[PDB]
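*Asks:* Mind having a look at this structure? Questions to follow.
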Amino acid sequence: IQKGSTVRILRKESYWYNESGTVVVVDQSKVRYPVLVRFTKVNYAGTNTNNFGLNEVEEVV
Amino acid sequence: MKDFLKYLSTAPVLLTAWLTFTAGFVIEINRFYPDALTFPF
Amino acid sequence: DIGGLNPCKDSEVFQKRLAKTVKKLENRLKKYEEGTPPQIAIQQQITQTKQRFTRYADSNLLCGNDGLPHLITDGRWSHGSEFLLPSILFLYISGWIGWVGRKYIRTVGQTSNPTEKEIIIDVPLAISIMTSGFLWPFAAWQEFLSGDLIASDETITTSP
Amino acid sequence: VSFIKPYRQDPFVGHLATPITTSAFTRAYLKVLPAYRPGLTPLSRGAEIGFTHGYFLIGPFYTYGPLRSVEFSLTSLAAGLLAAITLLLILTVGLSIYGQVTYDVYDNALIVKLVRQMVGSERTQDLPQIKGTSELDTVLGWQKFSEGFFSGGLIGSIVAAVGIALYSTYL
Amino acid sequence: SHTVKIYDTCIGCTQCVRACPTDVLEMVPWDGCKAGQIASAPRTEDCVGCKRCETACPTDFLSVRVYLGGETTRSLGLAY
Amino acid sequence: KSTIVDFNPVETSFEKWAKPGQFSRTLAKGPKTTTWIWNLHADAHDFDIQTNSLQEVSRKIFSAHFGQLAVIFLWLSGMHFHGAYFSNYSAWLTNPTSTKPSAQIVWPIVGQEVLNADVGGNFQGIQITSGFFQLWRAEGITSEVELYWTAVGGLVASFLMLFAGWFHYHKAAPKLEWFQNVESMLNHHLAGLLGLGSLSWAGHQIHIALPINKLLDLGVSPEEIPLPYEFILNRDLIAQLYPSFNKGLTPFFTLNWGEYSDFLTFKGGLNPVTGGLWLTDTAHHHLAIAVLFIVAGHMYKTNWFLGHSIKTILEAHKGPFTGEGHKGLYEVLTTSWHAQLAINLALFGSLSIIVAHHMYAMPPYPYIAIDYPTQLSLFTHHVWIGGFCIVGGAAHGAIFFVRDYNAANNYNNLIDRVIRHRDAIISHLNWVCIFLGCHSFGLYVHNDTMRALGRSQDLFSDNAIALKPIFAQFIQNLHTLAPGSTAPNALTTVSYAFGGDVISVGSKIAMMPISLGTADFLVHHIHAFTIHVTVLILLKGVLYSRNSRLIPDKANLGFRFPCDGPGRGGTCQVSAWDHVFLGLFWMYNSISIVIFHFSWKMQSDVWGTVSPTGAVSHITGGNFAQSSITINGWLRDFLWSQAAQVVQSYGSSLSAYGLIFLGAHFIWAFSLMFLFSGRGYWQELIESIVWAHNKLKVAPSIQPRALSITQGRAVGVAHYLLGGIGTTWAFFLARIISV
Amino acid sequence: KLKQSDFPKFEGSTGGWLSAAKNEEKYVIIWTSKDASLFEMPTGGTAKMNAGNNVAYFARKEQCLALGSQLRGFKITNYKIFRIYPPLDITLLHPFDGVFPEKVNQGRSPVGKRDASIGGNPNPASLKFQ
Ligand code: CLA
Ligand code: CLA
Ligand code: CLA
Ligand code: CLA
Ligand SMILES: CC1=C(C/C=C(\C)CCC[C@H](C)CCC[C@H](C)CCCC(C)C)C(=O)c2ccccc2C1=O
Ligand code: SF4
Ligand code: SF4
Ligand code: SF4
């Protein structure tokens, strides 16, 4: 995955679970949740972006 | 008349116009053929 | 006949109801003068009451012991104009409404600002979609066949 | 001039020095009441409070009870007296249980000094803490207060019944 | 006293700490995020349960979670 | 480049009409959830958060006032047009005591033509309870052409006010200094508006209403009554009815005002022909009011070395108990629109309630006292408006405290000292509310349980333990003795309610001494208790709007917020808005009890018919005195008994009242869904509904969200008020029109 | 006029502490101000600062912290909050390590940190009878 890639959220406790988002940036450092994904639908708190782990996102073909 | 027509395209104005038209043709059907309990055919 | 009911054309209580309503309207008519608009309105009321009662009598309508038309909605085509034909009419109209709404939602859902086009309707596109709903039974059973009617697993689910 | 100032020069207390909280009339009037009158044992305070309370408590029961009489009736007076005495008994029961669950002290104004001087490294709330230094704030003090309230209530109710009978008969 | 837990989804944006009305949360060094900081809850005895901390949380399902528990005069917000 | 106005501040364009939410910084970005739609209407008139300049807020408020006055003028024009075209006003003029006023006819669709009632005068329509016919008769309007011309003038005036609002927002908007001339504004509103309006109305009454109504009462038919302009051009048509116009204005300018006693009287009582106040008394009243208000308008210093400065008056009113006194109040009321709105709305609602009382107490219109539906409707409507306006004044006081209150500018003044001891105020008001409720309501419950136990001599009744309102009876005696003793130039008491003779017009009672007994004592103390509890809720909201022991920084959360959280044991509804919500509920309770008391007392002990020999028979028969002292009595002899007309209205011309009765019950019960439930359940149900929509690819882009907590409360209270008030509306109208 | 010279010029409000902050605990906030600014008390109304040492007593930690948050608007930062038990048992509370909790300071250990997201919490049925 990279910037601009489309991924499916696999985190169950997510307002965008099973949904598709756009990767903003994948951090190359040793952070726990490097993948930053932007969504079109705001969550219940109003935010439309979140940091996800490498195993919590699945790239769409 | 470019933004006025866009204002008329807003949800409230369009809903009011559509519901006014809808109530209008319903009321006029019930005026011209009143007391219709069953299908006319 | 069906359910112990009898046709309203032979229901004495139905004619009693008609006679009582007409008598009340005429008694009301007595307290006004000449061809004044109140008398014209009451006379129109009497005429409409008589026409409605006559139409209900000659309508294959079954009346109970209260002299009121009862609806036979078990499904028989004999009393098909009471429920079945209005049912078909409503199903057509409501399917039209739902189809045009869904088509508009899916059409402006692929534009740059989908949310803007929901409070400020694209009246040209809206008119284009709305008059295309007359084929909603055919369009629905042409999009379901192609798998374009139902989502599969992109739909979101709660934690459990 | 200003007649409202912070209480005892403390602007952070939830209180004010108004012409009612800290007026000379308020001071004297509250210092002549049995609850705060100096030189009274807790039994005496209870006795005076009970006397006054039974005296004014027999009134409403006798006047407006279920057995009233526009004339003087011994049955009405007896009913009012019994109702007042039973209400005093209920109040005494409340006083007794309140004192039972509130205090654990037999001699106050000392234990506070003892634990402020000789240390109080114990389960606290009996050695340390201790709210109030009055003799009414002890197990013994409150027990005698309740006893006095109860006895004085009986005596005052009887006295008020006698006075009511005399007023209704000889006037 | 209530229970406050911090989860490694913390991005160290400090919005929880500066929203706590009773000084329960604080920012401590960390190496699990870009900011190098994570929220901590070392003074939960002062936690009142108002949940302002998690109203300011930007992470998806929160990184600070408040579990209401036993009540205390501090946790009940009793000035009396 | 005028010194009072700014020229062409805002361009007249339709561009912003196509951008909803442009006023708000947060809503301008566009909707993302359905909460945006509701936030759009909740912030439309909150001009404080739309601009950071007091000048812009003031200009918006000024133009909004113009729009509101245009709406009011359009409404009045519609009323006059309906009177002119769809009314039986001409027939009612010739028979006021036997024709029911109707000014709305109903089209014959879906069988709704049954609503056209037999109002009389060869007319069919809905009976009118707004009293416009009596008002028009008091104005001297004797033809429907005059009503048409008044409607045309109302339309022209409405257009003029619309143009004024547009002009003063877009072409010449006044500056802040112009708005802050409170001395000049008070001078003008007191002299020009009030005094000159009273003077102009006195002139109209004297020259038009006095002669026309005198001719009408004399039996002259409206067709042979001269046109109103002829009473001005001809000094002989009015000098025959009032033989004092023959002297002209010479007695006025020669201080010989005694000559004008023909048409400027001081009589009191009611006109025996019409049952209303003497219109000569009304004209004299308006003249005196005009002079008093014109004099009162020359008080404040505006542009000369003459008059008062409100700042100097307030700053001099200090005291030992009040510290700095009124210092800073002038700055508060000249820099905060919310404080002015609070004061004006509270006094305006109180004025509306006072108007409602004085209306039925002293009927000011001809043939309005014998139109019981009109009297009941006017009283109930004005009391409802007063209660709503009072709650609004409390709400805007709380809003001022949250938003526009500056602690530095109010050091040790009255506002500061009130906040400093808010605990004492609220605790003592709590004790008073408990005392009043315990007493009033528990006396009611004691009466109920004594009656249920078969102990009739133990009640708080007149034939039992009696609570005579001696203070009110003393006042009643003082007023009935006033003419000749304390008002020596009066011929009759101000109102026959205080005592006197039974005034009947056409065998129908207009006014009659309202006896006060133990039943009135209990209901008056119920009124006091309900008013005190409403004041408690609203004052607790205002005083604790900024901080408390629970939330020391409640002002940082704003005026409108749902809570601070489930902590502290739970901090629901701590806002100040949530206090205007509960206060709205309690105002509904209080006003409902007030109007119930009025309806039952009037029907039972004032209204009715008078026999030719002088025997008075009332609508219900005096059951108020003995059966209004128990809750079962209120349930049975008032609610159950007088609800008979509403439930039996089906098939009649009052069937609309039964339908509205049922619909208002439905709406009131509907409110309880929002009042009892919470947002989380509805959000989680919307989650499954959204799942279904996504499964069918029909999920809207604007994400559907459940109504916010504050909006849920607002919807609940609005539906509750609408349902309850509509139920009482239908009940009252059907009952008082049937009988 | 007042018990101590460092008290803010407050006229006293019936919203201050009660019998609780005489036998359970009381909170004191101290700060130094350059100007005698007029500020709003967390309990009642308006008080006046001292051009120097200022000391205020409250019944809750939240009240002291609300006052401190208000002080930040006056560019006052050195405010410090203490807890006083029934006797003179003073404990510094708010600037616990001298640095505000919003700024990271070395020497702080994470308290209440779980090395997983919310979804990793154990099922309640496995946490029965412990
Ligand atoms: C117009 C598009 C549209 C379509 C195709 C559907 C379709 C559906 N809705 Mg639905 N809904 C809509 C609009 C729509 N809804 C709107 C606007 C609302 C808000 C009031 C709801 C609220 C709603 C609820 C609360 C529920 C559904 C449910 C359902 C499902 C069962 C059918 C039903 O109960 O009808 C429900 C229909 C209504 C309650 C009335 C809808 C209001 C109007 C008629 C629709 C709006 C018309 C729109 C303005 C047209 C504009 C298009 C034009 C610009 C071209 C079905 C998937 C149910 C479900 O999940 O079952 C599986 C359910 O519980 N819907
Ligand atoms: C004698 C002079 C005079 C008169 C009669 C009025 C009358 C009024 N003012 Mg006003 N005002 C005046 C002087 C005057 N003012 C001055 C000198 C100032 C500056 C300090 C203001 C500042 C002011 C503000 C800021 C506001 C008012 C408002 C109002 C209205 C209150 C609403 C009401 O009671 O409805 C009664 C309504 C009527 C009786 C309808 C007829 C009234 C018409 C419009 C005559 C108005 C007189 C007008 C000043 C003449 C100017 C004409 C122009 C060509 C120069 C009322 C129309 C409020 C309002 O509603 O705004 C519109 C409002 O917000 N005034
Ligand atoms: C002179 C009168 C007046 C004025 C100028 C204002 C002005 C204001 N009020 Mg206010 N208010 C008033 C009277 C007034 N109010 C009264 C009498 C009450 C007591 C109920 C309140 C209670 C109140 C609260 C509780 C709040 C305000 C708020 C506000 C501000 C924003 C208003 C807004 O955007 O609403 C826009 C308009 C609407 C949202 C309309 C809503 C529709 C209403 C609720 C239903 C009406 C139904 C109607 C009767 C028809 C029903 C019939 C049915 C059959 C359909 C604004 C400064 C709010 C604020 O934030 O202030 C800063 C706020 O929180 N006011
Ligand atoms: C019938 C229902 C009902 C009743 C009885 C009350 C009663 C009361 N409300 Mg209310 N309230 C109600 C519905 C009701 N409310 C609803 C629906 C709402 C929603 C908006 C509210 C919202 C509300 C607010 C927001 C407030 C109140 C307040 C009050 C109190 C006013 C003080 C008073 O009179 O106390 C006296 C008690 C009574 C009159 C109740 C009856 C007591 C009897 C008659 C006498 C004593 C009986 C005796 C002790 C029985 C002993 C025997 C028993 C042990 C077996 C009172 C307790 C205010 C408050 O807190 O008090 C100051 C206040 O601020 N209420
Ligand atoms: C039902 C309900 C909802 C859900 C309600 C919603 C989503 C409102 C939906 C309104 C629709 C979409 C528009 C209104 C449709 C009406 C038919 C229009 C009103 C009728 C006119 C005559 C005015 C909440 O969000 C809520 C929040 C807090 C407490 C209680 C509740 C609550 O009870
Ligand atoms: S509840 Fe949330 S906000 Fe309130 S203190 Fe505990 S953590 Fe900080
Ligand atoms: S709230 Fe979540 S994100 Fe904001 S700081 Fe505390 S932990 Fe980091
Ligand atoms: S949600 Fe309802 S309950 Fe939970 S905090 Fe906000 S208000 Fe109190």
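Positions of Cβ are generated from backbone atoms using ideal geometry, with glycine treated the same way; all protein chains shown enter the neighbour counts. Quick note: the coordinates plus some simple rules give every number you see, no bench work behind them.
*Asks:* Give me a comma-separated list of calculated 3J(HN,Hα) values for segment F:693-706, in order, Karplus coefficients 6.51, -1.76, 1.60 applied at θ = phi - 60°, integers in Hz, x for any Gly or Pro.
*Replies:* 4, 5, 4, 9, 6, 10, 6, x, 5, 6, 5, x, 10, 5
*Asks:* Using all C-alpha to C-alpha distances in chain E, build P(r) with 5 Å bins and read off the rounded percent in each one.
*Replies:* Using 5 Å bins, I get a P(r) of 3, 18, 28, 24, 15, 8, 3, 1, 0 for chain E.
*Asks:* Looking at segment C:1-158, how many pairs of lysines come closer than 16 Å at the Cα, when each pair is eight or more places apart or spans two chains?
*Replies:* Taking segment C:1-158 as the scope, the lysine pair count is 9.
*Asks:* Taking neighbour Cβ counts within 10 Å as the exposure measure, how do F:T33, D:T63, D:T22 sort from fewest upward?
*Replies:* D:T63, D:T22, F:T33
*Asks:* Summarise the partner chain shielding of F:315-324 as one whole number: the mean count of Cβ atoms from other chains within 10 Å of each residue's Cβ.
*Replies:* Taking all residues of F:315-324 together, the mean is 2.
*Asks:* Something else about it: Per the helix-only calculation at 222 nm, which mean residue ellipticity applies to chain F, given -39500 (n - 2.57) for every DSSP H run of n ≥ 4 and division by its residues, nearest 500 deg cm²/dmol?
*Replies:* Calculated from helices alone, the mean residue ellipticity at 222 nm is -17000 deg cm²/dmol.
*Asks:* Let me ask another. Quick one: which residues, 5 or more positions from G:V111 or on another chain, have an amide H under 5 Å from its amide H? H modelled 1.01 Å from N in the peptide plane, none for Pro or chain starts.
*Replies:* Correct list: E:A41.
*Asks:* Moving on. Would you mind checking which residues have amide H under 5 Å from F:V5's amide H? H placed 1.01 Å from N; only 5 or more apart, or other chain.
*Replies:* Here the answer is F:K175, since their amide H atoms fall under 5 Å of that of F:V5.
*Asks:* What's the longest piece of chain D with no exposed chymotrypsin sites (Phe, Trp or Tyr not before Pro), counting a site as exposed if DSSP puts it in a loop and it has at most 16 other beta carbons within 10 Å?
*Replies:* Longest stretch, sites excluded: D:107-171.
*Asks:* Above 24 Å lies some portion of the pair distances; for chain G, what is it as a whole percent of all C-alpha pairs?
*Replies:* Looking at chain G, the distances longer than 24 Å represent 43 percent of pairs.
*Asks:* Assuming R0 = 45 Å, what is the FRET efficiency of F:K29 and F:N489, from their Cβ-Cβ distance, to the nearest 0.05?
*Replies:* 0.05
*Asks:* So which trypsin sites (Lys or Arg not before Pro) in chain A pass both tests, a DSSP loop state and at most 13 other Cβ atoms within 10 Å of the Cβ?
*Replies:* A:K3, A:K30
*Asks:* On a C-alpha basis, how far is the centre of segment F:51-98 from the centre of segment F:249-325 in Å? Whole number, if you could?
*Replies:* 27 Å
*Asks:* Looking only at other chains, what is the average number of their beta-carbon atoms within 10 angstrom of each beta-carbon in F:566-574?
*Replies:* The shielding value for this peptide is 5.
*Asks:* Could you give the distance between the Cα centres of segment F:621-659 and segment E:1-57, to the whole Å?
*Replies:* What the calculation gives is 62 Å, centre to centre.
*Asks:* While we're on this one: Principal axis extents for segment C:1-119, Cα atoms only, whole Å, descending order, please.
*Replies:* 69, 45, 18
*Asks:* Whose amide H sits under 5 Å from the amide H of F:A103, counting only residues 5 or more places off or on another chain, with H placed in the peptide plane?
*Replies:* Those qualifying (amide H under 5 Å, at least 5 residues apart or on another chain) are F:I126, F:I128.
*Asks:* Check the straight Cα-Cα distances from F:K301 and name the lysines below 29 Å, setting aside those fewer than 8 residues away within the same chain.
*Replies:* Here the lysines satisfying the reach criterion relative to F:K301 are F:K1, F:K60, F:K175, F:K311, F:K318, F:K327.
*Asks:* When Cβ neighbours within 10 Å are restricted to other protein chains, what is their mean count per residue of peptide C:23-30?
*Replies:* The mean count of partner-chain Cβ atoms within 10 Å per residue comes to 1.
*Asks:* Also, quick follow-up: Taking the alpha-carbon distance from G:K61 and a cut-off under 19 Å, which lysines remain once sequence neighbours fewer than 8 residues away in the same chain are dropped?
*Replies:* Partners found: E:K51, F:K554, G:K22, G:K26, G:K80.
*Asks:* Neighbour counts of other C-beta atoms within 10 Å: give me D:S23, F:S649, E:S40 arranged from fewest to most.
*Replies:* D:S23, F:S649, E:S40
*Asks:* Placing +1 on the Cβ of each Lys and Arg and -1 on the Cβ of each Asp and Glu in segment C:87-156, which of C:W99, C:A139, C:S87 has its Cα farthest towards the positive end of the resulting dipole?
*Replies:* So the residue we want is C:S87.
*Asks:* Enter the mean projected area of the convex hull around the alpha-carbon atoms of segment F:36-87, in nm², rounded to one decimal.
*Replies:* Average projection, Cα convex hull of segment F:36-87: 5.0 nm².
*Asks:* What residue among C:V123, F:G219, G:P101 has its Cα farthest toward the positive end of the dipole of the protein assembly as shown, where the charges are +1 on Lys, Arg and -1 on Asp, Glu, each on the Cβ?
*Replies:* My answer, from the dipole projection, is G:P101.
*Asks:* Only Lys, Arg, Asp and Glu count, each charged at its Cβ (+1, +1, -1, -1), so figure out the dipole size of the protein assembly as shown about its Cα centre, rounded to 20 debye.
*Replies:* 2680 debye
*Asks:* Out of segment D:110-165, which GluC sites (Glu not before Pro) are coil in DSSP terms and have no more than 13 other C-beta atoms within 10 Å?
*Replies:* D:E122
*Asks:* Here is a further query. Please give the direction-averaged projected area of the C-alpha convex hull for the protein assembly as shown, in square nanometres with one decimal.
*Replies:* Here the figure is 71.9 nm², rounded to one decimal.
*Asks:* Which FRET efficiency value, to the nearest 0.05, is calculated for C:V123 and C:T73 with the Förster distance at 30 angstrom and r the Cβ-Cβ distance?
*Replies:* After rounding to 0.05, the efficiency reads 0.15.
*Asks:* List the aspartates and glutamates whose Cα lies under 14 Å from the Cα of G:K103, skipping any in the same chain that are fewer than 8 positions away.
*Replies:* Answer for G:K103, where 14 Å is the Cα cut-off: E:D23, E:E26, listed by chain and number.
*Asks:* Charges only on Cβ, +1 for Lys and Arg, -1 for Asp and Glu: so what's the dipole of segment G:63-130 about the Cα centre, in debye to the nearest 20?
*Replies:* 120 debye
*Asks:* Ordered by residue, what ³J(HN,Hα) values in Hz, to whole numbers, does segment F:669-679 give under the Karplus form 6.51 cos²θ - 1.76 cosθ + 1.60, where θ = phi - 60° and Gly and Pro are x?
*Replies:* 5, 4, 4, 5, 4, 6, 6, 8, 8, x, 6
*Asks:* Cβ neighbours within 10 Å, averaged per peptide: list F:599-612, F:1-14 in order, most packed at the top.
*Replies:* Answer by packing, highest mean first, reads F:599-612, F:1-14.
*Asks:* Looking at segment D:109-171, which trypsin sites (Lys or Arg not before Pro) are DSSP coil and have at most 15 other C-beta atoms within 10 Å of their C-beta?
*Replies:* D:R123, D:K131
*Asks:* Can you list the HN-Hα couplings for segment D:110-126, worked out from phi with the Karplus curve (6.51, -1.76, 1.60; θ = phi - 60°), rounded to whole Hz and with x for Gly and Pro?
*Replies:* 10, 3, 4, 5, 4, 7, 7, 10, 8, 6, x, 6, 9, 5, 6, 6, 10
*Asks:* Once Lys and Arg get +1 and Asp and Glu get -1 on their Cβ, which of D:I155, D:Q117, D:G132 lies farthest toward the positive end of the dipole of segment D:99-161?
*Replies:* D:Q117
*Asks:* For chain G, set up a GNM with springs between Cα atoms under 10 Å and report which of G:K103, G:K22, G:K48 has the largest fluctuation.
*Replies:* G:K103
*Asks:* Taking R0 as 45 Å, what's the FRET efficiency between C:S152 and F:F666 from their Cβ-Cβ distance, rounded to 0.05?
*Replies:* E between C:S152 and F:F666, to the nearest 0.05, is 0.60.
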